[PDB]
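*Asks:* Residue numbers (the authors' numbering), protein chains in the order written: chain A, 836 to 883; chain B, 21 to 701, 711 to 1022; chain C, 596 to 701, 711 to 931; chain D, 452 to 499.
The following block contains the structure, expressed as C-alpha cells.
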Amino acid sequence: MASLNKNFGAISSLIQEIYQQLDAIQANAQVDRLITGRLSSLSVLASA
Amino acid sequence: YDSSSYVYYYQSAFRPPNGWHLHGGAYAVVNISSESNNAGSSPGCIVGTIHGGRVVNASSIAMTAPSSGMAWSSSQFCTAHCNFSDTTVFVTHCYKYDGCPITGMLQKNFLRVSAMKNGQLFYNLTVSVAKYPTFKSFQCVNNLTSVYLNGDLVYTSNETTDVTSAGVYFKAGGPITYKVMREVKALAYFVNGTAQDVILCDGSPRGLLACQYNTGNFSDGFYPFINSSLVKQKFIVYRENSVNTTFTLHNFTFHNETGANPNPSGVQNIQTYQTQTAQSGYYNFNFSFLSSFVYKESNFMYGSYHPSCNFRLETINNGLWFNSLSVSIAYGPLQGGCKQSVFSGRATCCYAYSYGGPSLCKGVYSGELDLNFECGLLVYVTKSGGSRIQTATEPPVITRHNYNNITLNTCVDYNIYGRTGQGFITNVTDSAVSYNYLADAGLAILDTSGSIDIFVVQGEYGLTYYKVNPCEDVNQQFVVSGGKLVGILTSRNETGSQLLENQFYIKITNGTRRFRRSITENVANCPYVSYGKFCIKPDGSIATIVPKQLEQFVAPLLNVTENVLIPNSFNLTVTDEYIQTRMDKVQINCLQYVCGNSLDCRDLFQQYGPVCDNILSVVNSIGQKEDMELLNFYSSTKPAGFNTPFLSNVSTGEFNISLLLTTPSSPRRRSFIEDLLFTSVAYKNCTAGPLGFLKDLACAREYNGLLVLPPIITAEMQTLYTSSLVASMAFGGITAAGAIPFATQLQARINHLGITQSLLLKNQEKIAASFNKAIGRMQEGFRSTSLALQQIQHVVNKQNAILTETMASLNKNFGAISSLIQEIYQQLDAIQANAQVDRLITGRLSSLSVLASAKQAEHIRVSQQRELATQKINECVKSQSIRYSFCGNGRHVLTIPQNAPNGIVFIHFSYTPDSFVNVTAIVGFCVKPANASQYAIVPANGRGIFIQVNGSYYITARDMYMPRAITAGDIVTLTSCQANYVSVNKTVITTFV
Amino acid sequence: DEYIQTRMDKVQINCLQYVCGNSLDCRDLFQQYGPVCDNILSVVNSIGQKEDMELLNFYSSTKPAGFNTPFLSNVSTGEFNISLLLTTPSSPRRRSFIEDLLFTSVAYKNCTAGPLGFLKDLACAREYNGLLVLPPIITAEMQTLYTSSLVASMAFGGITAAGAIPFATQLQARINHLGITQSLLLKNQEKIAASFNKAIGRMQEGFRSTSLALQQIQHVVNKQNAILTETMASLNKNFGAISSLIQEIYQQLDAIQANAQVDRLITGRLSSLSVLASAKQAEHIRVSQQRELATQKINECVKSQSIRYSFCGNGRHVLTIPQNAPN
Amino acid sequence: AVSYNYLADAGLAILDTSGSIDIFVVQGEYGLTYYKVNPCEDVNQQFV
Ligand SMILES: *[C@@H]1O[C@H](CO)[C@@H](O[C@@H]2O[C@H](CO)[C@@H](O[C@@H]3O[C@H](CO)[C@@H](O)[C@H](O)[C@H]3NC(C)=O)[C@H](O)[C@H]2NC(C)=O)[C@H](O)[C@H]1NC(C)=O
Ligand SMILES: *[C@@H]1O[C@H](CO)[C@@H](O[C@@H]2O[C@H](CO)[C@@H](O[C@@H]3O[C@H](CO)[C@@H](O)[C@H](O)[C@H]3NC(C)=O)[C@H](O)[C@H]2NC(C)=O)[C@H](O)[C@H]1NC(C)=O
Ligand SMILES: *[C@@H]1O[C@H](CO)[C@@H](O[C@@H]2O[C@H](CO)[C@@H](O[C@@H]3O[C@H](CO)[C@@H](O)[C@H](O)[C@H]3NC(C)=O)[C@H](O)[C@H]2NC(C)=O)[C@H](O)[C@H]1NC(C)=O
Ligand SMILES: *[C@@H]1O[C@H](CO)[C@@H](O[C@@H]2O[C@H](CO)[C@@H](O)[C@H](O)[C@H]2NC(C)=O)[C@H](O)[C@H]1NC(C)=O
Ligand SMILES: *[C@@H]1O[C@H](CO)[C@@H](O[C@@H]2O[C@H](CO)[C@@H](O)[C@H](O)[C@H]2NC(C)=O)[C@H](O)[C@H]1NC(C)=O
Ligand SMILES: *[C@@H]1O[C@H](CO)[C@@H](O[C@@H]2O[C@H](CO)[C@@H](O)[C@H](O)[C@H]2NC(C)=O)[C@H](O)[C@H]1NC(C)=O
Ligand SMILES: *[C@@H]1O[C@H](CO)[C@@H](O[C@@H]2O[C@H](CO)[C@@H](O)[C@H](O)[C@H]2NC(C)=O)[C@H](O)[C@H]1NC(C)=O
Ligand SMILES: *[C@@H]1O[C@H](CO)[C@@H](O[C@@H]2O[C@H](CO)[C@@H](O)[C@H](O)[C@H]2NC(C)=O)[C@H](O)[C@H]1NC(C)=O
Ligand SMILES: *[C@@H]1O[C@H](CO)[C@@H](O[C@@H]2O[C@H](CO)[C@@H](O)[C@H](O)[C@H]2NC(C)=O)[C@H](O)[C@H]1NC(C)=O
Ligand SMILES: *[C@@H]1O[C@H](CO)[C@@H](O[C@@H]2O[C@H](CO)[C@@H](O)[C@H](O)[C@H]2NC(C)=O)[C@H](O)[C@H]1NC(C)=O
Ligand SMILES: *[C@@H]1O[C@H](CO)[C@@H](O)[C@H](O)[C@H]1NC(C)=O
Ligand SMILES: *[C@@H]1O[C@H](CO)[C@@H](O)[C@H](O)[C@H]1NC(C)=O
Ligand SMILES: *[C@@H]1O[C@H](CO)[C@@H](O)[C@H](O)[C@H]1NC(C)=O
Ligand SMILES: *[C@@H]1O[C@H](CO)[C@@H](O)[C@H](O)[C@H]1NC(C)=O
Ligand SMILES: *[C@@H]1O[C@H](CO)[C@@H](O)[C@H](O)[C@H]1NC(C)=O
Ligand SMILES: *[C@@H]1O[C@H](CO)[C@@H](O)[C@H](O)[C@H]1NC(C)=O
Ligand SMILES: *[C@@H]1O[C@H](CO)[C@@H](O)[C@H](O)[C@H]1NC(C)=O
Ligand SMILES: *[C@@H]1O[C@H](CO)[C@@H](O)[C@H](O)[C@H]1NC(C)=O
Ligand SMILES: *[C@@H]1O[C@H](CO)[C@@H](O)[C@H](O)[C@H]1NC(C)=O
Ligand SMILES: *[C@@H]1O[C@H](CO)[C@@H](O)[C@H](O)[C@H]1NC(C)=O
Ligand SMILES: *[C@@H]1O[C@H](CO)[C@@H](O)[C@H](O)[C@H]1NC(C)=O
Ligand SMILES: *[C@@H]1O[C@H](CO)[C@@H](O)[C@H](O)[C@H]1NC(C)=O
Ligand SMILES: *[C@@H]1O[C@H](CO)[C@@H](O)[C@H](O)[C@H]1NC(C)=O
Ligand SMILES: *[C@@H]1O[C@H](CO)[C@@H](O)[C@H](O)[C@H]1NC(C)=O
Ligand SMILES: *[C@@H]1O[C@H](CO)[C@@H](O)[C@H](O)[C@H]1NC(C)=O
Ligand SMILES: *[C@@H]1O[C@H](CO)[C@@H](O)[C@H](O)[C@H]1NC(C)=O
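This is the structure we're talking about:
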C-alpha cells in the first residue's frame, strides 16, 4: 500500500498531473515506466 | 603465460580482482621459430650497438625468453630492439665501461627505453631495475604502434605502422624464441593481479565454454553452447505477384522544384506539390534531400510528428512491410505544420525538414494565424501497418524463374519474405491441403519472436506448404563431471559410438586415439553426473545405472499347516542420511553496500528512505525467528548435562566403537568420521592477519556491508552437544559398575524385537561378530559410495553460491555507462548524471531484494529440516520405537548422531537377516477334556505363532528363532474348532504346581 | 482417498537460443552478458542434480524385492472382487481401471517430422525456443512395474502360495489385530466379504462425482502446465522498446541508438528466465516435502499396519493400496 | 608481498569490485613496498 507514493523512474507519483505538466507524446514513456513498476509490485505481492 | 601457444599482454597497468576477466588483443601464435647464442668472439655483447636484425614484415612480433632466466648483467643480455619503417625502439642496460653517460657498474641501476628517428634521439625514460626484475618477453604490436617490454606499455606514438625487423644481442643464456601472431579474443584467470594462464577462443571444445559463459573452474553438470558456421546454398523466396511476372522494383524519384508561393491562412490551403502512391510489389525511394537540409527534432509545437511511425525518412529503403503507402512534399509553415496537419489533416505522420527560407510565411493554428514564420519543406507519409508491399534497395535476382527448385532436408541459409534465418525446410503439404490449413489469404504464419513457422509458395500444379525448423546444432550440450570436460552430447551422428536415451553421444580424444568403445558396466549408485539410466564418470566412459534393493520379510501368516521360514541368525545393515539444522544469519548494510567510500552519492541516496527499511525488516525478522527456536531446539534435546568427554579408550567388551567416537590427541574435539566429513569441505582481527584461502572472504564481505552475526548457542557449545547426546545414549541406564559402557545397552535393545530383556551367554558373541562386520562395511562405505557425502556437497555449494553472486553483482553495470560511481560525475554533465545514478542504485537495491528473498526461502527449508531433526532425535536415538522403517530401511535398533558442516549426520542400524530355518508350523489347538467341556487355544497378539519340534510344542517370536514352552498367559479360549487344528487329547497349557 | 505429488519434470534453459532468434547478429551484442547466463544455469543444474539423486534413493528404498510378476486380476480370490482395482489383460499400456479414470481427466520423438497429439506436441514448440526437458534416472516403463510390484509384495508377502490365498488371508490376518487374535476361520469370514464388497461399491460410485483426489489432480496438473506456458508467451510481450522481434529493430532506425533498445529487451527476457528458475526451485521444495511424506506413508501405511490412530484414513486403518497417477 | 610475486612487472594498484583500491604500491625508498586500504572504525556501526 505504501508502494504507491514511491515513484519509479519518472517525474512524479500521481498520474493525474503528469499529462498537465508536459507534452502528450513524451508523457507515454513516463506512464509506461510507472505502470510497469506498479505491476512489478503486484508480482512481488502474489509471490509472497 | 609464456607458453608455446600464446603470449600474455597486460592490459594497461591496473589489475581487476581475483577472478576471470575478458580482453581482446594479439594473443595467438603462428610460425614459432627458435634462435640461440647471437654473439661473436667477444666474451660479452657490447652495449649500445643496434645491429643484428632479421627481416619480418608481419602484423606483430614477439621475442620471448625461458621462464625468468635472463638477468640484466654482463654476458647475459643486450639491446633487443625492434624497428618500424623509420622509428626504432631499443632497450639498453648501459652499465658503465666508457660509452654512455650513466656511470654505474652494479645492480639497482636503471634502463633506457628510448625511441630513435633517423638522426636524433627523444623520449628518454629511465625505469629502474626494480619493478622489472628479469627480461621475460618483448613485443611490438601493429595497431597504435605500441611496444611492450614484458607486460605493460613503454612507448606509443601516432602512426599505424607494421613491424619490419627485430633482433636481440646476448652472449649466452636460454635459446630465445621469435614468433609472430594474429589477434583473437581471450580471457585470463589471475589472482593477486598477475596472470597465471589464459583460455583462447580458438574453436577448441575446451575453449568455447570459457568464451561463451565467461568463466573457468566450472561446476559439474550440463552446459549448452553454439558454433555458428555456414557457407552453403542460400535460397530466397520473394513475394509472388499474380501470374507471369519478372520482379522489377519501381523507382520513385523526388526533386526540389521551382515552387509556388507559401500558403495563406488555412490549413487546407497548403498544397502538396508532388504526389506518389504504392500499389503492389516492390519499391524504393530515391531521397536526394540530405543536401544541406537539416533535420528538425520534435518538441512541444514545431518539428516532426514521427510518433506512430518509428522509422526515420532515410531508413525507408531497408526491408519494411506496409499495407498502403503514399508520400508527398509540401511547403508549409514550420511551427504548426505537423501538429495541426496530423490531427485535422490528411496524413498519419509527417516530417519537417528545413533550410534557409524567407521569414514571410502565414502559419496555421486556431487563433494564431496572424504572424510570419519560417518555410521548411515538410514531407507527408500515410503509413498503414500490414503486409502487402515491401521496400528494398537491390533488385531481386530471381529473373524469370518460377519457384521449382529449392532444397529440402539440408542445413541451409534462407531469406524468405525479408526475415533472415538459418535452418532446414521439410514438406508438410500432405497434412495441409486438408484441414483448411491456411485461409484465403495465403502467406506465412509468424510464431512468437518474429520467426516463420509455415509459409507457402506458388507456381507448380498446386500450392504447397513448407515448414521451417532449425538446424542440427540448435541445442547441443557437453557434459562436465567433477572438474573437467568429458564429451559433447549432441543430436547429430558423426559416427557416434554410443547412443544414450533420445540423444547421440560422442567423446573427445584425450591424447591417444584409443578408448572410444567399450562394454557398459553396472553400477549400484553413482553421485557424479546422472542422465537418464546412464551415468558418466570423470574417466570419460559411461556406465549404466541400475538400483539395488534388499530383501524383507513379514513371512508368518498362517492358514492350514505348512512349514514356515523364520530367522535364527541376523545381521546389521548400516544406512546414513544428512539433515540440515542451522543457518548463518546475515545483516545487510545497505548504505555502505550501494555507494562506495565517497563524500557524495549519499545526499542523492537520502530520498531512498523506506526501501532500506523494507530490505532490513525481513532480514531482522528471519534472524529473530531463527534465533529463538534454535535455542528451543537446543533446550529440548540436550539431555542432562553429562559433561564427560568419553574419549573412546573406555574398555568395551568386544565392540570396536573407538573408530566412531573422539580421540585423545586432537586440537579440536573431533572424531574420525566427521573429520572425514570435514575434509571434503568467528573471532578475527580483519585489520591485519589472514587465516586461509576460503575463510578470509569475511574481510571482503565486511568491507562491502554483508556481515554475519553469531548464533545464540555459542562456539564450543555445539561440540559438546554430540558427545553429551551419545553419553546419554550409552550411560543412560546402568549405575557404572561391571564393564558395561556400551554393550548392555545394545543387547537390551536388541531383544525387544523378540520378547525378553537382557539375556546372557546366548546371543552375545553373535552380536559381536555381526556388529564388527557392520562397522567394517561402514568404514568401507564412506569414501566411495555413500549417501551423506553428496548431500553435504550440494548443501555446502548452495550455501556458498547464494552469497558469492551478490558480491560479483557490483561490477555488473545496469543500464548505465560504467560500473563504479566515482567516475560518473567526472566524465559528463551534472543534471544528466542523476538518471544514470538512479538507474544504478535501483539495480543494486533490486539485487539486495533477491538476496533477502533467497535467504527467507532457505530459512523455510532449514526450519522444515530442523523440526524433522528434533522429531528424529526424540524418536530414533533415545526411544527405539516399533515404527517399521521410519529411520534406516527396516525395524531399527539404535542410532548414533555425529557432527557435520552446520548439521548432524545420523548412522542408522537396521535389522535384516538372511539365513533362515525350515521348521513346521501349526495355527491352533482344540483339546477335549475328560468329562464334559470343549475349548480351543489361539496364540495371542505380540507373542508370535507357535510351532512344533520332534513331538513337543513351542511358541516362538516372529523374528528370532527362540523356542520356549507355552505358558498360561499366551492363550485364547474359544468355543469353536473347525478341523484346521491339531486336537491333542491331553492339555498343553503346562501350568505349575 | 488422497493424492501426494512425488515427481518433477527437469528443465534445461538454453539462454543463448531463447534470447536472440535465428539471426547472424544479436550474439556479438550478447557476449558481454556472460555471468548472468551462468547464474541462470547454475540453479537449474543444482535442482536437477538434487532431485535426480534422491529420486533414485526413493526408488531404492521402497521397491520391495523384485516380484516381477504381472498379477493381472484374473487370479481367483475367495469372495473379494478386487479385479476392478487391479490391471486388466487386454490393454496396450499396463494400466488398471481406476488410474485410467484418473488419466482421462487429464519421451521418444522425432521433432523434425510427425505430430502426435494436441497437447504433447508442444514439445517441438518448446525445443525450438530453448526450454527442453531431461529424462529421469528411473526410466520410462520402470515406474509402471513399481505399483504392481508394491501391491504384489502387499499380497504375496507371507504365504508360500498353496491354498487359494492370494489376497484374502492377508486381510483377515490384518483385521484381527484390532482385537487380540490371529487368522480366525469360519467365524468372521463372510461378514468381512459383504462389508468389503459394500465398501468397494461405495468406492466405485465415489470417483466420478464427489471425491478428494480428483480436484487435487486437477489443480496440480494446471499449475504444472501454467508455470511454463507463461514464459513462452512472454516473447511477444515487448518491454520498454519499440517492437517485440529483434530482426526488424536494426532495419527501422539508427545503429548507435538501437543498442539501448536491444539492451532493454535482452535485460527483460533474462528477467523472465530468472522468474522461471525461481518458480522451479520453489516447486522443487514442494515436491521434496511431499516425497519425504510419501516415503514415510509407503513405509508405514502399506506394509506395516501400525496402531497410530487416524494417521491415514480418518480412523484406525486396516490396509492401503497405492495406484499410479499423473506424476 | 615482497614474496609470492604479489604484483607483476607492471606495478600499480589493484582495483577490487565497485572501483575502490585494495592494494597499491609506492616507489622512492630503498625498496618498493605494498600498502593496503581498509575502511575506518565506523564503516559498520549498529545500535540495538
Ligand atoms: C527549394 O524550393 C523552395 C521552394 O521552391 C525554394 O525557396 C524559394 O526561394 C525563392 C528565392 O528566394 C523564393 O522566391 C522569392 O519569394 C519572396 C517571398 O518570400 C518574394 O518576395 C520574392 O520576390 C521571390 N523571388 C523571386 C520571385 O524571384 C521563394 O518564395 C521560395 N519558396 C518558398 C520559401 O517556399 C528553395 O530555394 C529551394 N532550395 C534549393 C533549390 O536549394
Ligand atoms: C512436396 O509434396 C507435394 C505433395 O506430394 C509435391 O507436389 C506434387 O508434385 C508432383 C510432381 O510435380 C505432382 O504430381 C503430378 O500430378 C499431376 C496431377 O495430379 C499429374 O498429371 C502428373 O503426372 C503428376 N506427376 C508425376 C506423377 O510425376 C503432384 O500433383 C503434386 N502434389 C500436390 C501439388 O499436392 C511437391 O512436389 C513436394 N515438394 C518437392 C520440392 O518435391
Ligand atoms: C613498511 O614495512 C617495510 C618493510 O619492513 C619498511 O621498509 C623498510 O625500511 C627500513 C628502513 O627504512 C629498511 O631498513 C634498511 O635496510 C637497508 C638494507 O637492507 C640497511 O642498509 C639499512 O641500515 C636499514 N635501515 C635501518 C636498519 O634503519 C628496510 O630494508 C625496508 N624494508 C623493505 C624495503 O622491504 C617500511 O619502512 C615500512 N613503512 C613505513 C611507513 O615505515
Ligand atoms: C632497423 O633499424 C635500424 C636502426 O636504425 C637500422 O639500422 C640503420 O641502418 C641504416 C641503413 O640501413 C644505417 O645507415 C644506420 O647506420 C643503421 N643504424 C645504426 C645505429 O647503425 C636498420 O637498417 C633497420 N632495418 C632495416 C631492415 O631497415
Ligand atoms: C636523451 O639522452 C641523450 C644522451 O646521450 C641526449 O643526447 C644529448 O643531446 C644533446 C642535444 O642534441 C647533445 O648536445 C648532447 O651531446 C647529447 N649527449 C650525448 C651525445 O651524450 C638526448 O638529447 C636525450 N633526449 C632528450 C632530452 O629528449
Ligand atoms: C582454477 O583453475 C586453475 C587452472 O588454471 C587452478 O590452478 C591449478 O591448480 C592446481 C592444483 O594443485 C595446480 O597443480 C596447478 O599448477 C594450477 N595451475 C595454475 C596455472 O596455477 C586452480 O586451482 C583452480 N581453482 C580452484 C579449482 O579453486
Ligand atoms: C596470492 O596471495 C595469497 C596471499 O598470500 C597467496 O596465498 C598463500 O598461498 C600459500 C601457498 O604457497 C600459502 O602457504 C599461504 O598460506 C597463503 N596465504 C594465505 C592463505 O593468507 C596466494 O598463493 C597468492 N597467489 C599466487 C602467488 O599465485
Ligand atoms: C553382564 O554380566 C555378565 C556376568 O559378569 C557378563 O558376562 C561375562 O562376559 C565376559 C565377556 O564374554 C566373560 O569373559 C565373563 O566370563 C562373563 N561372566 C560370567 C559368565 O560370569 C556380561 O558380559 C555382562 N554384560 C555386559 C558387560 O554387557
Ligand atoms: C490445426 O492444425 C492441426 C494439425 O493438423 C489440426 O489438428 C488435427 O485435428 C484432427 C481433427 O480435429 C485430428 O484428427 C488430428 O490428429 C490433429 N492433428 C494433430 C493434433 O497433430 C487442427 O484440427 C487444425 N485446426 C483446425 C482445422 O481448425
Ligand atoms: C484357510 O483354509 C480354510 C480351509 O480349511 C479355508 O476355508 C474354506 O473356505 C471356503 C470359502 O468359504 C469354503 O468353501 C471351504 O469349505 C473352506 N474349507 C474348509 C471349511 O475346510 C479358508 O478360506 C482359508 N483362508 C483363506 C483362503 O483366506
Ligand atoms: C617462418 O619460420 C621460418 C623458420 O625457418 C623462417 O625462415 C621464416 O622467415 C618465418 N616466416 C615469417 C616470420 O614470416
Ligand atoms: C617484407 O619482407 C618480405 C620478406 O621476404 C619481403 O618479401 C617483402 O618484399 C617485404 N615488403 C616490403 C619491403 O614492403
Ligand atoms: C587492431 O588493428 C586492426 C588492423 O586492421 C584494426 O582493424 C583494429 O581496429 C585494431 N584494434 C584496436 C585499435 O583496438
Ligand atoms: C601524428 O602525430 C605527429 C606528432 O607530431 C605528427 O608529426 C604527425 O604528422 C601525425 N600524423 C598525421 C597527422 O597523420
Ligand atoms: C564447432 O564448429 C567448429 C567449426 O568447424 C568445429 O571446429 C568445432 O569442433 C565444433 N565444436 C564441437 C563439435 O564441439
Ligand atoms: C529502376 O527500375 C528498373 C526496373 O524498372 C531497374 O532495373 C533499375 O535498376 C532501377 N534503377 C535503380 C535501382 O537505380
Ligand atoms: C537519385 O537520383 C539522382 C538523379 O540524378 C541520381 O543521380 C542518384 O544516383 C539517384 N539515387 C539512387 C538511385 O540511389
Ligand atoms: C549412427 O551412425 C552409425 C554409423 O557409424 C550407425 O551404425 C548408427 O545406426 C546410426 N544411428 C542411428 C541411425 O540411429
Ligand atoms: C549374515 O550372517 C551370517 C552369520 O552371522 C553370515 O554368514 C552372513 O555372511 C551374513 N550375511 C551378510 C552380512 O550379508
Ligand atoms: C584414556 O585417555 C585419558 C585422556 O587423558 C586418560 O586420562 C586415561 O588414563 C586413558 N585411559 C587409559 C590409559 O586406560
Ligand atoms: C579398532 O579398529 C581400528 C582400525 O584400525 C584399530 O586400529 C583398533 O586397534 C581397533 N580396536 C580394537 C580391535 O580394540
Ligand atoms: C587488531 O586490530 C587493532 C585495530 O586497531 C590493532 O590495534 C591491533 O594491533 C590488532 N591486533 C593484532 C594485529 O594482533
Ligand atoms: C523344508 O523342507 C521340506 C522337506 O525337506 C521341503 O519340502 C520344503 O521346501 C523346505 N522349505 C524350504 C526350502 O523353504
Ligand atoms: C489369466 O490371464 C493370463 C494372461 O493371458 C492367462 O495366461 C491365464 O491363463 C488367465 N487365467 C485363466 C484363464 O484362468
Ligand atoms: C467385479 O465387478 C465387475 C464390475 O462390473 C464385474 O464386471 C465383475 O464380474 C465382478 N467380478 C466378480 C463378481 O467376480
Ligand atoms: C527422423 O528425423 C531424421 C532427421 O534427420 C530423419 O532423417 C528421419 O527420416 C526421421 N524419421 C522419421 C520421420 O521416421
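Just so it is clear, CB atoms sit at the ideal spot from N, CA and C, and this is done for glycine as well.
Between which two residues does the alpha helix (DSSP H) holding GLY810 of chain B run?
*Replies:* Unbroken alpha helix (DSSP H) run through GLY810 of chain B: 794 to 810.
*Asks:* On the DSSP bridge list, what partners appear for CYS102 of chain B?
*Replies:* DSSP lists B:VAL109 and B:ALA186 as partners of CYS102 of chain B.
*Asks:* With distances taken Cα to Cα, identify the nearest neighbour of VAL631 of chain B among B:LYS487, B:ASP647, B:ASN609 and B:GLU646.
*Replies:* When each option's Cα is compared against that of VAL631 of chain B, the closest is B:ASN609.
*Asks:* Could you spell out where the beta strand (DSSP E) holding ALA727 of chain C opens and where it closes?
*Replies:* Looking at the DSSP string, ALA727 of chain C is not in any beta strand (DSSP E); the run it does join, the alpha helix (DSSP H), is 727 to 731.
*Asks:* For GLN977 of chain B and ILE936 of chain B, which I take to be in contact (beta-carbon distance under 8 Å), what is that distance rounded to the nearest angstrom?
*Replies:* Not quite, the Cβ-Cβ distance comes to about 41 Å (not below 8 Å), so this is no contact.
*Asks:* Quick check: is the beta carbon of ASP473 of chain D nearer than 8 Å to any beta carbon in chain B?
*Replies:* Judged by the 8 Å Cβ criterion, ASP473 of chain D is in contact with chain B.
*Asks:* What do you get for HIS781 of chain B, buried or exposed, if any count of 16 or more other CB atoms within 10 angstroms of its CB means buried?
*Replies:* Exposed is the call here.
*Asks:* List, in order along the chain, the chain B residues whose C-beta lies closer than 8 Å to that of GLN893 of chain C?
*Replies:* By Cβ distance, chain B contributes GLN893.
*Asks:* When Cβ atoms are compared, which residues of the region 819 to 847 of chain C fall closer than 9 Å to chain A?
*Replies:* Listed by position along the chain: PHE843 and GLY844.
*Asks:* Do you know whose CA, among B:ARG74, B:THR682, B:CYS370 and B:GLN885, lies nearest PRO327 of chain B's CA?
*Replies:* For the residues B:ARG74, B:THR682, B:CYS370 and B:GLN885, the minimum Cα distance to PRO327 of chain B belongs to B:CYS370.
*Asks:* Please output, in chain order, the residues near ligand 16 using a CB cut-off of less than 7 Å to any non-hydrogen atom of the ligand.
*Replies:* My final list is B:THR268, B:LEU269, B:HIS270, B:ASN271, B:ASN304 and B:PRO415.
*Asks:* Whose Cβ in chain C lies nearer than 9 Å to the Cβ of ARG868 of chain A?
*Replies:* Going along chain C in sequence order, the residues near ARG868 of chain A (Cβ under 9 Å) are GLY844.
*Asks:* At 7 Å on the CB atoms, spell out the chain B contacts of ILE860 of chain A, in chain order.
*Replies:* Simply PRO327.
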